[PDB]
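Participant: Can you keep this structure in mind? I'll have questions shortly.
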Amino acid sequence: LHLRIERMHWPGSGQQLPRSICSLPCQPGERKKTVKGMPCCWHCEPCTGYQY
Amino acid sequence: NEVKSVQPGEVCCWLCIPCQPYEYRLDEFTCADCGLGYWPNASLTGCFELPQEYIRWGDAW
């Protein structure tokens with residue numbers, strides 16, 4: 001896997017290798033960050049209320 | 001008393017979540033609700049009126 005990211009690897013737009021991702025991280029914290037059956041993606045239900 | 005929580009996702013496999021006990025069911029895919037002072041229908045088919053309360057002639061108070 002000998003890549004070279006500094007070897008002008010930007011895919012033509014933005015900066016630092018823009019990414020495809022199904023769901024962003026949710027730093028405040030999520031009731032389950034509940035994943036569906038496909039494990040690479042999740043729904044963020046937040047820790048609202050006393051359940052934190 | 002329950003609604004199919006949505007996830008179009010990979011496939012049309014639904015979750016189930018019971019509505020807010022005061023929120024009825026006007027759509028199978030989403031609950032419904034009405035003004036304060038009101039209530040859900042038993043089958044959750046619409047808004048229902050909770051019966052007015054007052055100091056009655058014969059009550060203990």
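In the structure tokens, the first chain shown is A, the next is B, and so on; residue numbers restart at 1 for each chain, and ligands run from 1 in the order shown.
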Give me, as a VMD selection string, all polymer residues having an atom no more than 10 Å from range 35-41 of chain A, counting only C-alpha atoms and skipping those fewer than 3 positions away in the same chain.

Facilitator: (chain A and resid 21 to 24 32 44) or (chain B and resid 7 9 to 11 13)

Participant: Of the residues B:2, B:59, B:53, B:23, which is the one nearest to residue 38 in chain B, using only C-alpha atoms?

Facilitator: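 Among the listed residues, B:23 lies closest to residue 38 in chain B.
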
Participant: Take CA of residue 52 in chain B and CA of residue 3 in chain B and report the distance between them in Å, one decimal.

Facilitator: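 According to the coordinates, CA of residue 52 in chain B and CA of residue 3 in chain B are separated by 29.5 Å.
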
Participant: Got a sec: who's within 6 Å of residue 33 in chain A, counting only C-alpha atoms, leaving out chain neighbours fewer than 3 positions off, as a PyMOL selection string?

Facilitator: chain A and resi 30+42-44

Participant: Need the shell around residue 35 in chain B: protein/DNA/RNA residues with any atom at most 12 Å away, counting only C-alpha atoms. Skip same-chain ones fewer than 3 positions apart. Format as an NGL selection string?

Facilitator: :B and (22-24 or 32 or 38-40 or 46-50)

Participant: Restricting the output to C-alpha atoms, write the selected residues as a PDB file, in the first residue's frame.

Facilitator:
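As a result, part-v1.pdb now contains:
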```
ATOM      1  CA  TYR B  22     -50.495  12.135  23.736  1.00  0.00           C
ATOM      2  CA  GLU B  23     -49.627  11.922  20.011  1.00  0.00           C
ATOM      3  CA  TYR B  24     -52.013   9.948  17.809  1.00  0.00           C
ATOM      4  CA  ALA B  32     -49.741  13.265  14.766  1.00  0.00           C
ATOM      5  CA  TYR B  38     -56.541  17.652  24.130  1.00  0.00           C
ATOM      6  CA  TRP B  39     -55.760  13.950  23.881  1.00  0.00           C
ATOM      7  CA  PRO B  40     -55.213  11.131  21.371  1.00  0.00           C
ATOM      8  CA  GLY B  46     -57.387  11.857  15.613  1.00  0.00           C
ATOM      9  CA  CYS B  47     -57.685  14.479  18.320  1.00  0.00           C
ATOM     10  CA  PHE B  48     -59.915  13.816  21.334  1.00  0.00           C
ATOM     11  CA  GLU B  49     -61.129  16.095  24.122  1.00  0.00           C
ATOM     12  CA  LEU B  50     -60.202  15.331  27.708  1.00  0.00           C
TER      13      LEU B  50
END
```

Participant: What's around residue 15 in chain B at 8 Å? Count only C-alpha atoms, leave out sequence neighbours fewer than 5 positions away in its own chain, and write the answer as a PyMOL selection string.

Facilitator: chain B and resi 4-7

Participant: Taking the chain letters and numbering used in this document, name the residues of chain B that DSSP puts in strand (DSSP E), as number ranges by chain.

Facilitator: B: 2-5, 15-18, 24-27, 30-32, 38-40, 47-49

Participant: Residues as selected, N, CA, C and O atoms, written as a short mmCIF file (atom, residue, chain, number, x, y, z; two decimals), in the first residue's frame, can you do that?

Facilitator:
```cif
data_model
loop_
_atom_site.label_atom_id
_atom_site.label_comp_id
_atom_site.auth_asym_id
_atom_site.auth_seq_id
_atom_site.Cartn_x
_atom_site.Cartn_y
_atom_site.Cartn_z
N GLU B 2 -48.17 2.52 17.67
CA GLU B 2 -46.77 2.49 17.27
C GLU B 2 -46.66 2.97 15.83
O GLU B 2 -47.59 2.82 15.04
N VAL B 3 -45.51 3.56 15.50
CA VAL B 3 -45.23 4.05 14.16
C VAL B 3 -43.96 3.39 13.64
O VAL B 3 -43.07 3.01 14.40
N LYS B 4 -43.89 3.25 12.32
CA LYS B 4 -42.73 2.67 11.66
C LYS B 4 -41.68 3.76 11.47
O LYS B 4 -41.80 4.60 10.57
N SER B 5 -40.66 3.75 12.32
CA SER B 5 -39.54 4.68 12.18
C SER B 5 -38.82 4.42 10.86
O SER B 5 -38.65 3.27 10.44
N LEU B 15 -38.10 0.31 11.37
CA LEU B 15 -38.09 0.13 12.81
C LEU B 15 -39.49 0.46 13.34
O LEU B 15 -40.35 0.93 12.60
N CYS B 16 -39.71 0.19 14.62
CA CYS B 16 -40.98 0.54 15.25
C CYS B 16 -40.73 1.25 16.57
O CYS B 16 -39.92 0.80 17.39
N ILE B 17 -41.43 2.36 16.77
CA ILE B 17 -41.31 3.18 17.98
C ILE B 17 -42.71 3.59 18.40
O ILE B 17 -43.50 4.05 17.56
N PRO B 18 -43.09 3.43 19.67
CA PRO B 18 -44.40 3.93 20.10
C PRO B 18 -44.41 5.44 20.15
O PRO B 18 -43.43 6.08 20.53
N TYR B 24 -51.24 11.01 18.43
CA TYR B 24 -52.01 9.95 17.81
C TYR B 24 -51.33 9.55 16.50
O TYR B 24 -50.16 9.88 16.26
N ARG B 25 -52.04 8.83 15.63
CA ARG B 25 -51.48 8.22 14.43
C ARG B 25 -52.38 8.59 13.25
O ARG B 25 -53.36 7.89 12.97
N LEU B 26 -52.04 9.68 12.56
CA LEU B 26 -52.74 10.04 11.33
C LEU B 26 -52.04 9.53 10.09
O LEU B 26 -52.67 9.45 9.03
N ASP B 27 -50.76 9.19 10.19
CA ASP B 27 -50.03 8.55 9.11
C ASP B 27 -49.33 7.32 9.68
O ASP B 27 -48.84 7.36 10.82
N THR B 30 -45.69 8.36 10.44
CA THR B 30 -45.40 9.47 11.34
C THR B 30 -46.60 9.70 12.24
O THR B 30 -47.75 9.65 11.78
N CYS B 31 -46.34 9.96 13.52
CA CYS B 31 -47.43 10.27 14.45
C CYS B 31 -48.06 11.62 14.10
O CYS B 31 -47.65 12.32 13.17
N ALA B 32 -49.07 11.98 14.88
CA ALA B 32 -49.74 13.27 14.77
C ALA B 32 -50.15 13.74 16.15
O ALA B 32 -50.27 12.94 17.09
N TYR B 38 -55.92 18.68 24.95
CA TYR B 38 -56.54 17.65 24.13
C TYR B 38 -55.79 16.34 24.35
O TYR B 38 -54.89 16.25 25.18
N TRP B 39 -56.15 15.32 23.58
CA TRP B 39 -55.76 13.95 23.88
C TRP B 39 -55.80 13.14 22.59
O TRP B 39 -56.45 13.55 21.62
N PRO B 40 -55.12 12.00 22.55
CA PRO B 40 -55.21 11.13 21.37
C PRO B 40 -56.42 10.21 21.42
O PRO B 40 -56.90 9.82 22.48
N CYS B 47 -57.67 13.75 17.06
CA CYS B 47 -57.69 14.48 18.32
C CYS B 47 -58.96 14.19 19.10
O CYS B 47 -60.04 14.01 18.53
N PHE B 48 -58.82 14.13 20.42
CA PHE B 48 -59.92 13.82 21.33
C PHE B 48 -59.85 14.77 22.52
O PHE B 48 -58.77 15.17 22.95
N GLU B 49 -61.02 15.09 23.07
CA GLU B 49 -61.13 16.10 24.12
C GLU B 49 -61.18 15.44 25.49
O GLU B 49 -62.11 14.68 25.80
#
```

Participant: Point out the residue among B:42, B:36, B:12, B:19 with the least atom-to-atom distance to chain A, counting only C-alpha atoms.

Facilitator: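 Among the listed residues, the smallest separation from chain A belongs to B:12.
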
Participant: Mind giving me the straight-line distance from CA of residue 14 in chain B to CA of residue 33 in chain B in Å, one decimal?

Facilitator: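 Separating CA of residue 14 in chain B from CA of residue 33 in chain B is a distance of 21.8 Å.
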